[PDB]
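Below is one structure; the comments refer to it alone.
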Amino acid sequence: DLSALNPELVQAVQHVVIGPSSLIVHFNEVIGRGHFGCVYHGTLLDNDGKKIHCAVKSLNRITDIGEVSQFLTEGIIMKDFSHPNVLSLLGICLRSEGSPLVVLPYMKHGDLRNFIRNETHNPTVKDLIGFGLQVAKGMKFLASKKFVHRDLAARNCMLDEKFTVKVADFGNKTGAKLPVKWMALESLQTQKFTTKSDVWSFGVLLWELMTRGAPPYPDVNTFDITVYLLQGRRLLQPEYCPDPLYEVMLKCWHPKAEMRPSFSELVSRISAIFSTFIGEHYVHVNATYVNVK
Ligand SMILES: Nc1cc(Oc2ccc(Nc3ncccc3C(=O)Nc3ccc(F)cc3F)cc2F)ccn1
């Protein structure tokens, strides 16, 4: 029901349209089944002959056009996201069958959390601070466009062949579906999200990086995180996290949202901490965090 969509959404999608002849979706090759949204390996033909590797996001399909319109908006939101540290949109493919297809450049190393969790990987303090800095650069760009992420976490950050981090997003009044453990105090209490609350999320993301992907607050039930935080608590300093990086995390977790550093200041501060390291310090996984979900 393409005509019942929205003429402005349809014209915006038209400028990023992919013809069904120039895209081959390998439905047998799944890049994570996820939930009610699937990602597959894809081949895209660019201009002439070019056989580029891509990720194709789908699913499919209950409400008349409501979920299709939201799906197309999420993809169209990426149009002006051109920054080395933010995931790009190759385009959108309109299937003459069912669900429209969102086409993204392939990220060889997948998500940042599974990458750092992998025990065959040997990151140093510098590499992990490096990833945090790249996320800060991407967020600095997004904040300058007044774009509020709402779900910044290592699981939503993508890693390519050159190890360049691409900030991305994989995918109800009082009902729970929210990433409460990455959420700012004000966002848990009121349900409002700002750049300052993304700064809180970024601090948790730095914690995930320094612990090599440990789940935040393991002992704490999702429903009582506000009660836990208000007792006067923050995540402990990871074993391999340098003191000035911990101090930056505590600044991201400032109880006054307006007292939190901006992403521009975080880029500056983290870039200085990063420059002091040479790649000597190896980061090992914590035994108390292994197999902890
Ligand atoms: N192996 C691999 C796996 C991949 O999976 C995906 C990861 C993220 C998205 N993300 C999206 N899918 C559809 C619409 C928008 C986004 C998205 O990330 N938007 C977005 C970008 C930057 C932001 F700050 C916020 C956002 F919401 C899609 C994938 F297929 C992809 C590649 N390589």
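Residue numbers start at 1 in each chain; chains themselves are named A, B, ... in the order of the structure tokens; ligands are numbered from 1 in the order shown.
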### Task
Using only C-alpha atoms and all ligand atoms, find each protein or nucleic acid residue lying at most 6 Å from ligand 1; present the set as a ChimeraX atom specification.
/A:31,39,55-57,74-75,78,86-87,102,104-108,110,149,167-170
### Query
Got a sec: who's within 12 Å of residue 186 in chain A, counting only C-alpha atoms, leaving out chain neighbours fewer than 3 positions off, as a PyMOL selection string?
chain A and resi 180+183+189-194+196-198+200+226+229-230+253-258
Go ahead and write the selection's residues with N, CA, C and O atoms as a CSV table (one decimal), in the first residue's frame.
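Saved as out_27.csv:
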chain,number,residue,atom,x,y,z
A,180,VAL,N,17.3,0.9,30.3
A,180,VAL,CA,17.4,1.6,31.6
A,180,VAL,C,18.8,1.7,32.2
A,180,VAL,O,19.1,2.7,32.8
A,183,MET,N,20.7,4.7,30.8
A,183,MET,CA,19.8,5.9,30.9
A,183,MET,C,20.2,6.8,32.1
A,183,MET,O,20.4,6.4,33.2
A,189,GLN,N,13.3,9.1,35.3
A,189,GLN,CA,12.3,9.8,36.1
A,189,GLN,C,11.2,10.4,35.3
A,189,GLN,O,10.0,10.1,35.4
A,190,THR,N,11.6,11.3,34.3
A,190,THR,CA,10.7,11.9,33.3
A,190,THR,C,11.0,10.9,32.2
A,190,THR,O,11.9,10.1,32.3
A,191,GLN,N,10.3,11.0,31.0
A,191,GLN,CA,10.7,10.1,30.0
A,191,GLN,C,11.4,10.8,28.8
A,191,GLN,O,11.3,10.3,27.6
A,192,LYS,N,12.0,11.9,29.0
A,192,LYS,CA,12.6,12.8,28.1
A,192,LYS,C,14.1,12.5,27.8
A,192,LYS,O,14.9,12.2,28.7
A,193,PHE,N,14.5,12.6,26.5
A,193,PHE,CA,15.9,12.3,26.1
A,193,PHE,C,16.5,13.5,25.5
A,193,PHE,O,15.9,14.2,24.7
A,194,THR,N,17.8,13.9,25.9
A,194,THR,CA,18.5,15.0,25.4
A,194,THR,C,20.0,14.6,25.0
A,194,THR,O,20.3,13.4,25.0
A,196,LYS,N,22.5,15.7,26.6
A,196,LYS,CA,23.1,15.5,27.9
A,196,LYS,C,22.8,14.1,28.5
A,196,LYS,O,23.6,13.6,29.2
A,197,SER,N,21.7,13.5,28.1
A,197,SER,CA,21.4,12.1,28.5
A,197,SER,C,22.2,11.1,27.6
A,197,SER,O,22.6,10.1,28.2
A,198,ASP,N,22.5,11.5,26.4
A,198,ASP,CA,23.4,10.7,25.5
A,198,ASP,C,24.8,10.7,26.1
A,198,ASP,O,25.5,9.7,26.0
A,200,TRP,N,25.4,10.7,29.4
A,200,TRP,CA,25.3,9.7,30.4
A,200,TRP,C,25.5,8.4,29.8
A,200,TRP,O,26.4,7.6,30.2
A,226,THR,N,16.8,3.2,39.3
A,226,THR,CA,16.6,4.6,39.8
A,226,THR,C,16.9,4.6,41.4
A,226,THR,O,17.6,5.5,41.9
A,229,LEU,N,20.7,4.0,41.9
A,229,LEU,CA,21.5,5.3,41.6
A,229,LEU,C,21.3,6.3,42.7
A,229,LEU,O,22.3,6.9,43.1
A,230,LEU,N,20.0,6.5,43.2
A,230,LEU,CA,19.7,7.5,44.2
A,230,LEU,C,20.3,7.3,45.6
A,230,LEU,O,20.3,8.2,46.4
A,253,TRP,N,28.3,11.2,34.2
A,253,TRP,CA,27.2,10.8,35.2
A,253,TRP,C,26.8,11.9,36.2
A,253,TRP,O,26.2,11.6,37.2
A,254,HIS,N,27.2,13.2,35.9
A,254,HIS,CA,26.8,14.3,36.8
A,254,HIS,C,25.3,14.3,37.0
A,254,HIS,O,24.5,14.2,36.1
A,255,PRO,N,24.9,14.4,38.3
A,255,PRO,CA,23.4,14.5,38.6
A,255,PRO,C,22.7,15.7,37.9
A,255,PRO,O,21.5,15.5,37.5
A,256,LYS,N,23.4,16.8,37.7
A,256,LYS,CA,22.9,18.0,36.9
A,256,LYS,C,23.3,17.8,35.5
A,256,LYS,O,24.4,17.9,35.1
A,257,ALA,N,22.3,17.5,34.6
A,257,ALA,CA,22.5,17.3,33.2
A,257,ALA,C,23.3,18.4,32.5
A,257,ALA,O,24.2,18.0,31.7
A,258,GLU,N,23.0,19.6,32.8
A,258,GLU,CA,23.7,20.8,32.3
A,258,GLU,C,25.1,20.9,32.7
A,258,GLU,O,25.9,21.7,32.1
Using only C-alpha atoms, which protein or nucleic acid residues come within 10 Å of residue 64 in chain A? Drop anything in the same chain fewer than 4 positions from it, and give the result as a PDB file with C-alpha atoms, in the first residue's frame.
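Result file out13.pdb:
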ATOM      1  CA  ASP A   1       0.000   0.000   0.000  1.00  0.00           C
ATOM      2  CA  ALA A   4      -1.130   5.460   1.484  1.00  0.00           C
ATOM      3  CA  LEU A   5       2.353   6.235   2.973  1.00  0.00           C
ATOM      4  CA  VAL A  68       6.449   0.420   7.168  1.00  0.00           C
ATOM      5  CA  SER A  69       6.353   4.266   7.452  1.00  0.00           C
TER       6      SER A  69
END
#### Entry: Point-to-point distance in Å for CA of residue 100 in chain A and CA of residue 11 in chain A
14.9 Å
### Secondary structure check, strand (DSSP E or B) residues of range 18-97 of chain A, as a PyMOL selection string
chain A and resi 18+23-30+34+37+39-46+50-57+83+86+91-93
### Separation of CA of residue 72 in chain A from CA of residue 13 in chain A in Å
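About the pair CA of residue 13 in chain A and CA of residue 72 in chain A: they are 7.5 Å apart.
Between CA of residue 151 in chain A and CA of residue 34 in chain A the separation is 16.1 Å.
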Mind listing the alpha helix (DSSP H) residues of range 58-237 of chain A, per DSSP on the backbone, as a JSON list (two decimals) with N, CA and C atoms, in the first residue's frame?
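Output file states06.json is given in full below:
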[["chain", "number", "residue", "atom", "x", "y", "z"],
["A", 66, "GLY", "N", 1.72, 1.66, 9.13],
["A", 66, "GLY", "CA", 2.32, 2.31, 10.29],
["A", 66, "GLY", "C", 3.75, 1.89, 10.61],
["A", 67, "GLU", "N", 4.00, 0.57, 10.60],
["A", 67, "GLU", "CA", 5.34, 0.03, 10.86],
["A", 67, "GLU", "C", 6.27, 0.20, 9.66],
["A", 68, "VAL", "N", 5.72, 0.22, 8.43],
["A", 68, "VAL", "CA", 6.45, 0.42, 7.17],
["A", 68, "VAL", "C", 6.93, 1.88, 7.07],
["A", 69, "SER", "N", 6.07, 2.83, 7.46],
["A", 69, "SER", "CA", 6.35, 4.27, 7.45],
["A", 69, "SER", "C", 7.48, 4.58, 8.46],
["A", 70, "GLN", "N", 7.42, 3.97, 9.67],
["A", 70, "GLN", "CA", 8.40, 4.13, 10.74],
["A", 70, "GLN", "C", 9.75, 3.55, 10.32],
["A", 71, "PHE", "N", 9.73, 2.39, 9.63],
["A", 71, "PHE", "CA", 10.90, 1.68, 9.11],
["A", 71, "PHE", "C", 11.61, 2.50, 8.04],
["A", 72, "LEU", "N", 10.84, 3.11, 7.12],
["A", 72, "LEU", "CA", 11.36, 3.96, 6.05],
["A", 72, "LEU", "C", 11.91, 5.27, 6.61],
["A", 73, "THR", "N", 11.29, 5.81, 7.68],
["A", 73, "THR", "CA", 11.75, 7.04, 8.34],
["A", 73, "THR", "C", 13.12, 6.81, 8.98],
["A", 74, "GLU", "N", 13.28, 5.71, 9.75],
["A", 74, "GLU", "CA", 14.53, 5.33, 10.40],
["A", 74, "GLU", "C", 15.70, 5.30, 9.41],
["A", 75, "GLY", "N", 15.46, 4.75, 8.21],
["A", 75, "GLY", "CA", 16.46, 4.69, 7.14],
["A", 75, "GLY", "C", 16.72, 6.06, 6.53],
["A", 76, "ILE", "N", 15.64, 6.84, 6.30],
["A", 76, "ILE", "CA", 15.72, 8.18, 5.71],
["A", 76, "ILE", "C", 16.37, 9.22, 6.64],
["A", 112, "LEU", "N", 30.59, -3.44, 18.28],
["A", 112, "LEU", "CA", 31.70, -3.16, 19.19],
["A", 112, "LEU", "C", 31.72, -4.04, 20.47],
["A", 113, "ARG", "N", 30.55, -4.37, 21.03],
["A", 113, "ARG", "CA", 30.46, -5.21, 22.23],
["A", 113, "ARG", "C", 30.94, -6.66, 22.01],
["A", 114, "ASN", "N", 30.48, -7.33, 20.94],
["A", 114, "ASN", "CA", 30.90, -8.69, 20.63],
["A", 114, "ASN", "C", 32.36, -8.71, 20.23],
["A", 115, "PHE", "N", 32.82, -7.64, 19.55],
["A", 115, "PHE", "CA", 34.23, -7.51, 19.17],
["A", 115, "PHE", "C", 35.16, -7.50, 20.38],
["A", 116, "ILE", "N", 34.87, -6.64, 21.39],
["A", 116, "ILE", "CA", 35.71, -6.52, 22.59],
["A", 116, "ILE", "C", 35.59, -7.72, 23.53],
["A", 117, "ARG", "N", 34.42, -8.41, 23.50],
["A", 117, "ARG", "CA", 34.13, -9.61, 24.30],
["A", 117, "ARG", "C", 34.91, -10.84, 23.83],
["A", 125, "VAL", "N", 44.88, -0.72, 26.33],
["A", 125, "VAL", "CA", 44.18, 0.43, 26.92],
["A", 125, "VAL", "C", 43.90, 1.46, 25.80],
["A", 126, "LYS", "N", 44.94, 1.76, 24.99],
["A", 126, "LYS", "CA", 44.96, 2.66, 23.83],
["A", 126, "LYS", "C", 43.91, 2.30, 22.78],
["A", 127, "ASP", "N", 43.78, 1.01, 22.45],
["A", 127, "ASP", "CA", 42.80, 0.57, 21.47],
["A", 127, "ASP", "C", 41.39, 0.87, 21.99],
["A", 128, "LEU", "N", 41.12, 0.55, 23.27],
["A", 128, "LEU", "CA", 39.79, 0.74, 23.86],
["A", 128, "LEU", "C", 39.43, 2.23, 24.04],
["A", 129, "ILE", "N", 40.41, 3.04, 24.46],
["A", 129, "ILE", "CA", 40.25, 4.50, 24.59],
["A", 129, "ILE", "C", 40.07, 5.05, 23.18],
["A", 130, "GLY", "N", 40.81, 4.48, 22.22],
["A", 130, "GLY", "CA", 40.69, 4.79, 20.80],
["A", 130, "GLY", "C", 39.26, 4.62, 20.30],
["A", 131, "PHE", "N", 38.62, 3.46, 20.60],
["A", 131, "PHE", "CA", 37.21, 3.21, 20.24],
["A", 131, "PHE", "C", 36.26, 4.23, 20.87],
["A", 132, "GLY", "N", 36.44, 4.52, 22.17],
["A", 132, "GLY", "CA", 35.68, 5.54, 22.91],
["A", 132, "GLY", "C", 35.77, 6.91, 22.27],
["A", 133, "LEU", "N", 36.98, 7.30, 21.82],
["A", 133, "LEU", "CA", 37.27, 8.58, 21.14],
["A", 133, "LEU", "C", 36.50, 8.66, 19.81],
["A", 134, "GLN", "N", 36.54, 7.58, 19.01],
["A", 134, "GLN", "CA", 35.81, 7.50, 17.74],
["A", 134, "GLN", "C", 34.32, 7.65, 17.94],
["A", 135, "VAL", "N", 33.77, 7.04, 19.02],
["A", 135, "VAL", "CA", 32.34, 7.16, 19.39],
["A", 135, "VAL", "C", 32.07, 8.62, 19.75],
["A", 136, "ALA", "N", 32.98, 9.25, 20.52],
["A", 136, "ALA", "CA", 32.83, 10.66, 20.91],
["A", 136, "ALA", "C", 32.80, 11.57, 19.68],
["A", 137, "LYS", "N", 33.67, 11.30, 18.68],
["A", 137, "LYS", "CA", 33.73, 12.06, 17.42],
["A", 137, "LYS", "C", 32.41, 11.97, 16.65],
["A", 138, "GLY", "N", 31.86, 10.76, 16.55],
["A", 138, "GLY", "CA", 30.58, 10.50, 15.90],
["A", 138, "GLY", "C", 29.43, 11.22, 16.58],
["A", 139, "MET", "N", 29.41, 11.16, 17.93],
["A", 139, "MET", "CA", 28.42, 11.82, 18.77],
["A", 139, "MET", "C", 28.53, 13.33, 18.72],
["A", 140, "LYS", "N", 29.77, 13.88, 18.58],
["A", 140, "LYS", "CA", 30.04, 15.32, 18.44],
["A", 140, "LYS", "C", 29.37, 15.83, 17.15],
["A", 141, "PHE", "N", 29.48, 15.04, 16.08],
["A", 141, "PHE", "CA", 28.87, 15.34, 14.80],
["A", 141, "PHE", "C", 27.35, 15.30, 14.92],
["A", 142, "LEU", "N", 26.80, 14.24, 15.53],
["A", 142, "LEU", "CA", 25.35, 14.05, 15.70],
["A", 142, "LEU", "C", 24.72, 15.16, 16.55],
["A", 143, "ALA", "N", 25.39, 15.54, 17.65],
["A", 143, "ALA", "CA", 24.94, 16.61, 18.54],
["A", 143, "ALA", "C", 24.92, 17.99, 17.81],
["A", 144, "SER", "N", 25.84, 18.21, 16.85],
["A", 144, "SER", "CA", 25.94, 19.45, 16.08],
["A", 144, "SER", "C", 24.76, 19.59, 15.10],
["A", 185, "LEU", "N", 19.51, 9.69, 34.99],
["A", 185, "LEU", "CA", 18.54, 9.85, 36.08],
["A", 185, "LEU", "C", 17.28, 10.58, 35.62],
["A", 186, "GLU", "N", 17.44, 11.78, 35.02],
["A", 186, "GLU", "CA", 16.31, 12.57, 34.52],
["A", 186, "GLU", "C", 15.46, 11.85, 33.48],
["A", 187, "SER", "N", 16.08, 11.02, 32.61],
["A", 187, "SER", "CA", 15.40, 10.24, 31.58],
["A", 187, "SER", "C", 14.64, 9.04, 32.16],
["A", 188, "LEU", "N", 15.10, 8.47, 33.28],
["A", 188, "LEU", "CA", 14.39, 7.36, 33.94],
["A", 188, "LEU", "C", 13.14, 7.91, 34.70],
["A", 189, "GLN", "N", 13.29, 9.11, 35.34],
["A", 189, "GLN", "CA", 12.27, 9.80, 36.14],
["A", 189, "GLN", "C", 11.18, 10.43, 35.26],
["A", 195, "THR", "N", 20.80, 15.56, 24.52],
["A", 195, "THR", "CA", 22.21, 15.31, 24.17],
["A", 195, "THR", "C", 22.94, 15.05, 25.48],
["A", 196, "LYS", "N", 22.52, 15.73, 26.56],
["A", 196, "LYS", "CA", 23.07, 15.54, 27.90],
["A", 196, "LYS", "C", 22.80, 14.12, 28.46],
["A", 197, "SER", "N", 21.66, 13.50, 28.07],
["A", 197, "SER", "CA", 21.36, 12.14, 28.51],
["A", 197, "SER", "C", 22.16, 11.14, 27.64],
["A", 198, "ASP", "N", 22.47, 11.51, 26.35],
["A", 198, "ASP", "CA", 23.37, 10.72, 25.49],
["A", 198, "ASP", "C", 24.76, 10.72, 26.12],
["A", 199, "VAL", "N", 25.15, 11.83, 26.78],
["A", 199, "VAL", "CA", 26.43, 11.97, 27.48],
["A", 199, "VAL", "C", 26.51, 10.97, 28.66],
["A", 200, "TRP", "N", 25.38, 10.74, 29.37],
["A", 200, "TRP", "CA", 25.30, 9.73, 30.44],
["A", 200, "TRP", "C", 25.53, 8.37, 29.78],
["A", 201, "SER", "N", 24.78, 8.05, 28.71],
["A", 201, "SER", "CA", 24.92, 6.79, 27.97],
["A", 201, "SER", "C", 26.35, 6.55, 27.49],
["A", 202, "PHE", "N", 27.00, 7.60, 26.99],
["A", 202, "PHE", "CA", 28.40, 7.55, 26.55],
["A", 202, "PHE", "C", 29.36, 7.13, 27.69],
["A", 203, "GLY", "N", 29.11, 7.62, 28.91],
["A", 203, "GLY", "CA", 29.90, 7.25, 30.08],
["A", 203, "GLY", "C", 29.81, 5.76, 30.37],
["A", 204, "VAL", "N", 28.59, 5.18, 30.24],
["A", 204, "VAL", "CA", 28.34, 3.73, 30.43],
["A", 204, "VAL", "C", 29.06, 2.96, 29.29],
["A", 205, "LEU", "N", 28.99, 3.49, 28.05],
["A", 205, "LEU", "CA", 29.65, 2.92, 26.88],
["A", 205, "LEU", "C", 31.18, 2.84, 27.14],
["A", 206, "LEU", "N", 31.79, 3.90, 27.76],
["A", 206, "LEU", "CA", 33.22, 3.88, 28.12],
["A", 206, "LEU", "C", 33.50, 2.77, 29.13],
["A", 207, "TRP", "N", 32.57, 2.55, 30.09],
["A", 207, "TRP", "CA", 32.66, 1.47, 31.10],
["A", 207, "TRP", "C", 32.65, 0.08, 30.39],
["A", 208, "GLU", "N", 31.74, -0.12, 29.42],
["A", 208, "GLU", "CA", 31.64, -1.35, 28.63],
["A", 208, "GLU", "C", 32.95, -1.60, 27.89],
["A", 209, "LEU", "N", 33.55, -0.52, 27.33],
["A", 209, "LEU", "CA", 34.83, -0.61, 26.63],
["A", 209, "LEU", "C", 35.95, -1.05, 27.53],
["A", 210, "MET", "N", 36.10, -0.42, 28.72],
["A", 210, "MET", "CA", 37.17, -0.75, 29.66],
["A", 210, "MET", "C", 37.07, -2.09, 30.40],
["A", 225, "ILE", "N", 16.72, 0.34, 39.15],
["A", 225, "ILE", "CA", 17.97, 1.07, 38.86],
["A", 225, "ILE", "C", 17.98, 2.52, 39.38],
["A", 226, "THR", "N", 16.82, 3.24, 39.32],
["A", 226, "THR", "CA", 16.65, 4.62, 39.83],
["A", 226, "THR", "C", 16.90, 4.65, 41.37],
["A", 227, "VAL", "N", 16.31, 3.66, 42.09],
["A", 227, "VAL", "CA", 16.45, 3.47, 43.54],
["A", 227, "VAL", "C", 17.92, 3.22, 43.90],
["A", 228, "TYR", "N", 18.61, 2.46, 43.05],
["A", 228, "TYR", "CA", 20.01, 2.09, 43.23],
["A", 228, "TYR", "C", 20.90, 3.32, 43.06],
["A", 229, "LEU", "N", 20.72, 4.04, 41.94],
["A", 229, "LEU", "CA", 21.46, 5.26, 41.65],
["A", 229, "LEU", "C", 21.28, 6.33, 42.70]]
#### Entry: Nearby residues (only C-alpha atoms) at most 12 Å from residue 219 in chain A, same-chain spacing under 4 positions excluded, as a list in words
residues 181, 215, 224, 225, 228, 235, 288, 289, 292 and 293 of chain A
Output N, CA, C and O atoms for every residue in that selection, as a PDB file, in the first residue's frame.
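Writing done, so here's selection.pdb:
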ATOM      1  N   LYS A 181      19.675   0.712  31.965  1.00  0.00           N
ATOM      2  CA  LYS A 181      21.048   0.666  32.480  1.00  0.00           C
ATOM      3  C   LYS A 181      22.041   1.640  31.850  1.00  0.00           C
ATOM      4  O   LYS A 181      23.092   1.881  32.443  1.00  0.00           O
ATOM      5  N   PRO A 215      28.279  -6.679  31.272  1.00  0.00           N
ATOM      6  CA  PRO A 215      26.956  -6.024  31.371  1.00  0.00           C
ATOM      7  C   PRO A 215      26.937  -5.043  32.556  1.00  0.00           C
ATOM      8  O   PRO A 215      27.457  -5.405  33.619  1.00  0.00           O
ATOM      9  N   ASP A 224      14.453  -1.436  39.491  1.00  0.00           N
ATOM     10  CA  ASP A 224      14.946  -0.658  40.635  1.00  0.00           C
ATOM     11  C   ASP A 224      16.298   0.112  40.419  1.00  0.00           C
ATOM     12  O   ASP A 224      16.938   0.508  41.401  1.00  0.00           O
ATOM     13  N   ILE A 225      16.716   0.343  39.155  1.00  0.00           N
ATOM     14  CA  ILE A 225      17.968   1.068  38.860  1.00  0.00           C
ATOM     15  C   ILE A 225      17.982   2.523  39.384  1.00  0.00           C
ATOM     16  O   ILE A 225      19.016   2.960  39.888  1.00  0.00           O
ATOM     17  N   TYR A 228      18.610   2.458  43.054  1.00  0.00           N
ATOM     18  CA  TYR A 228      20.011   2.092  43.234  1.00  0.00           C
ATOM     19  C   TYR A 228      20.900   3.323  43.059  1.00  0.00           C
ATOM     20  O   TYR A 228      21.696   3.652  43.952  1.00  0.00           O
ATOM     21  N   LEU A 235      28.808   3.048  38.611  1.00  0.00           N
ATOM     22  CA  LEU A 235      29.570   1.871  38.224  1.00  0.00           C
ATOM     23  C   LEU A 235      30.996   2.020  38.758  1.00  0.00           C
ATOM     24  O   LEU A 235      31.558   3.123  38.771  1.00  0.00           O
ATOM     25  N   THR A 288      34.940 -12.283  37.403  1.00  0.00           N
ATOM     26  CA  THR A 288      33.625 -12.061  38.034  1.00  0.00           C
ATOM     27  C   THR A 288      32.559 -11.624  37.010  1.00  0.00           C
ATOM     28  O   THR A 288      31.372 -11.648  37.335  1.00  0.00           O
ATOM     29  N   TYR A 289      32.978 -11.274  35.772  1.00  0.00           N
ATOM     30  CA  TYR A 289      32.094 -10.832  34.679  1.00  0.00           C
ATOM     31  C   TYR A 289      31.918 -11.830  33.497  1.00  0.00           C
ATOM     32  O   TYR A 289      31.056 -11.607  32.641  1.00  0.00           O
ATOM     33  N   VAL A 292      28.483 -13.806  32.546  1.00  0.00           N
ATOM     34  CA  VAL A 292      27.466 -13.004  33.221  1.00  0.00           C
ATOM     35  C   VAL A 292      26.654 -12.305  32.116  1.00  0.00           C
ATOM     36  O   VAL A 292      27.231 -11.651  31.238  1.00  0.00           O
ATOM     37  N   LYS A 293      25.332 -12.513  32.120  1.00  0.00           N
ATOM     38  CA  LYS A 293      24.454 -11.924  31.108  1.00  0.00           C
ATOM     39  C   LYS A 293      23.788 -10.641  31.580  1.00  0.00           C
ATOM     40  O   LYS A 293      23.482  -9.792  30.718  1.00  0.00           O
TER      41      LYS A 293
END
## Note on the structure
Restricting to only C-alpha atoms, whichever of A:91, A:52, A:32, A:83 is closest to residue 20 in chain A is A:91
### Message
List as an NGL selection string the protein and nucleic acid residues near residue 30 in chain A, meaning an atom at most 8 Å away when only C-alpha atoms are counted, but skip any in the same chain fewer than 5 places from it.
### Response
:A and (38-41)
Taking C-alpha atoms for each residue, export the selection above as a PDB file, in the first residue's frame.
ATOM      1  CA  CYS A  38      16.346  -9.377  10.074  1.00  0.00           C
ATOM      2  CA  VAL A  39      19.731  -8.443   8.582  1.00  0.00           C
ATOM      3  CA  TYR A  40      21.253 -10.367   5.623  1.00  0.00           C
ATOM      4  CA  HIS A  41      24.403 -10.337   3.482  1.00  0.00           C
TER       5      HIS A  41
END
### Query
Quick one: residues within 10 Å of residue 51 in chain A, only C-alpha atoms counted, chain neighbours fewer than 6 positions away excluded, as number ranges by chain?
A: 22-23, 42-45
